[PDB]
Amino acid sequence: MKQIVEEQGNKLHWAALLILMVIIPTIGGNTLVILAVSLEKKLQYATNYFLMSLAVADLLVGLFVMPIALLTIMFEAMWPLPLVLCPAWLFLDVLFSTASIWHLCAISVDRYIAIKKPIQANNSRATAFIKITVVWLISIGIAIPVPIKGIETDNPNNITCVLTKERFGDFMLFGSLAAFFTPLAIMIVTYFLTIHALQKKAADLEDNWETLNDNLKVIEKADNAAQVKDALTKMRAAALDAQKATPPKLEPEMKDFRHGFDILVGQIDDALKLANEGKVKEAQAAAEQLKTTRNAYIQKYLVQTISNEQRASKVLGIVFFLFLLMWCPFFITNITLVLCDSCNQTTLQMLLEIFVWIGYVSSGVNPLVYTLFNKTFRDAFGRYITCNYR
């Protein structure tokens, strides 16, 4: 058919679109995160070492994967680079993309552990390296079938760098399950686990609050010393119990309310030492002054603890939701490409060519968006874009 003219002429304007909107924001966005953790001494702790690893994983996407992904648009007919670069590029493409997804899955669980068990800390430098290594080891095992099986290449060196359904059909199915849907399910579970964790934490703080106040009236209306003795001990327990629901202020220039329990317990011990000697009327007067410590520190500590754990949980879910949501158009399409044979797989491959760039920008700017809710990071970025540093 001479009428049938598949020009397939030019797509340079789309490459300029992807550099300006996807590639540059990826490279620059992750360089700033790396710069911040590296040369800002106030940002160097166990969490940001894992976050910097994520920034490296996404910086390597826009530095190696995404630039060569444009040559598949300019020269969609045939692979221009040497043959050995085609399995290498596909390998790094699966490696780094999986490393970004599994990084957030670990961060999501780490944040949940920090809510259920705030005691463990200094979560040392080694615990970070263990988590870093495992994530990178998981991603290698998922990206390793690509170079092992290899391109489908006698040959005129005519190579199409693509994951065909005939050759990698079993990989595209189970490789999407392990790399995307498995950490997706984990983050759904840890989501509802966090809702239950923040509510159980608030209800316990509420009962510790009532325990203190109820025992105060027990002390005031007390007639016997033995009643005051087992009323301050129960207060001292509930005071330490509510204080253990928050990591020490050791681990911020403004007021620290968590110290009010150190003050509270110290007074309770003295007021109980008076109860041990027998000075009841003098001990009840000291328990009345426990309200001064309560009205100043304890009252605003309970709201500051619940509100901050609630706000940080909501913003962490949103940014981890949009990341997963923008990677959904690719993997859902990638699965049905194998599990649907009625579908036209020519246009179904065209959609994968588009949906990857939705996921690329989703991974590339993901560390930047996440760090733009930490003021120390933002103030560092504002000095870097003006080329200030120190």
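For every residue, the number given is its place in the sequence shown, counted from 1.
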item	value
Unresolved deposited residues lying between neighbours residue 122 and residue 123	1 to 3
Deposited residues lacking coordinates between residue 251 and residue 252 (none, 1 to 3, 4 to 9, 10 or more)	4 to 9
Residue stretch of maximal mean CA temperature factor, 295 to 303 vs 88 to 96	295 to 303
Of 357 to 365 and 33 to 41, the one with larger mean CA B-factor	33 to 41
Top residue by Cα temperature factor, when 26, 53, 344, 333 are compared in the entry	344
Residue selected from 183, 260, 147, 80 by maximal Cα B factor	80
Residue 340 by Cα B-factor - lowest, middle or highest third of the modelled chain	highest
Modelled-residue ranking by C-alpha temperature factor, third containing residue 244	middle
Chain-wide C-alpha B factor ranking for residue 314, given as lowest, middle or highest third	lowest
For residue 75, the third of its chain into which the C-alpha B factor falls	highest
Lowest, middle or highest third - CA B-factor, residue 325	middle
